[PDB]
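K.L.:
PDB author numbering numbers the first residue of the first sequence as 141 and each following residue consecutively.
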Amino acid sequence: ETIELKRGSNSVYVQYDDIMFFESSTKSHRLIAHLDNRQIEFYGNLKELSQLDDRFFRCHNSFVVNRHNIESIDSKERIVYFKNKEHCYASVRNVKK
DNA sequence: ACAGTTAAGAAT
DNA sequence: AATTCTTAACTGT
Numbered sequence: 141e142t143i144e145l146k147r148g149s150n151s152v153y154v155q156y157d158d159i160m161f162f163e164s165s166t167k168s169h170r171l172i173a174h175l176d177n178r179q180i181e182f183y184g185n186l187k188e189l190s191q192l193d194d195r196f197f198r199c200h201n202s203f204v205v206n207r208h209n210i211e212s213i214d215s216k217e218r219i220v221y222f223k224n225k226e227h228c229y230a231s232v233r234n235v236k237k
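1) If you run the structure through DSSP and keep just helix, strand and coil, what is residue 206?
2) Tell me the rounded alpha-carbon separation between residue 208 and residue 149.
3) Thinking residue 231 and residue 199 are a contact (beta carbons under 8 Å), I'd like their distance in whole angstroms, please.
4) Just to confirm the assignment, what range does the alpha helix (DSSP H) spanning residue 187 have?
5) Along the chain, where does the beta strand (DSSP E) that runs through residue 146 open and close?
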């Protein structure tokens, strides 16, 4: 299961479970794939990534998480912790799901 | 329910 | 390829 992260003249190819989560970049129409120890900026939209696979869940407007790489959830604070020790946030309306 | 912020379409 | 404007739909309380 591999995904092509398109970057204009380049592409980077990554396995689904290399990915902790995706977040929107502050560069318009770019996302950031968070991997174990690297981050890769690419062209995409979050909606499309969440439809690739059941493991990819839109927990927030700005985040798509890989369920397989979740270490724990603090549902009080709405913080999703990943196996590489990063974290991101779940929205009030999506945290339960 | 609100006001502030943002993802993503379209065009090029 | 990379960028802008736009706006509905998101955000947290």
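Here a beta-carbon is modelled for each residue, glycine too, at the ideal position from N, C-alpha and C.
P.N.:
Considering the structure as presented:
1) Position 66 of the first sequence, counted from the first residue, corresponds to residue 206. Of the three classes helix, strand and coil, the one that applies to residue 206 here is strand, per DSSP.
2) Start at 1 with the first residue of the first sequence, and residue 208 comes out as number 68. Start at 1 with the first residue of the first sequence, and residue 149 comes out as number 9. Between residue 208 and residue 149, the C-alpha separation is close to 31 Å.
3) The residue labelled residue 231 in the question sits at position 91 within the first sequence. The residue labelled residue 199 in the question sits at position 59 within the first sequence. The pair is a contact, with the Cβ atoms about 7 Å apart (cut-off 8 Å).
4) The count along the first sequence starts at 1 and reaches residue 187 at position 47. That run of the alpha helix (DSSP H) goes 186 to 190.
5) In the first sequence, counting from the first residue as 1, residue 146 sits at position 6. Counting along the chain, the beta strand (DSSP E) containing residue 146 begins and ends at 142 to 147.
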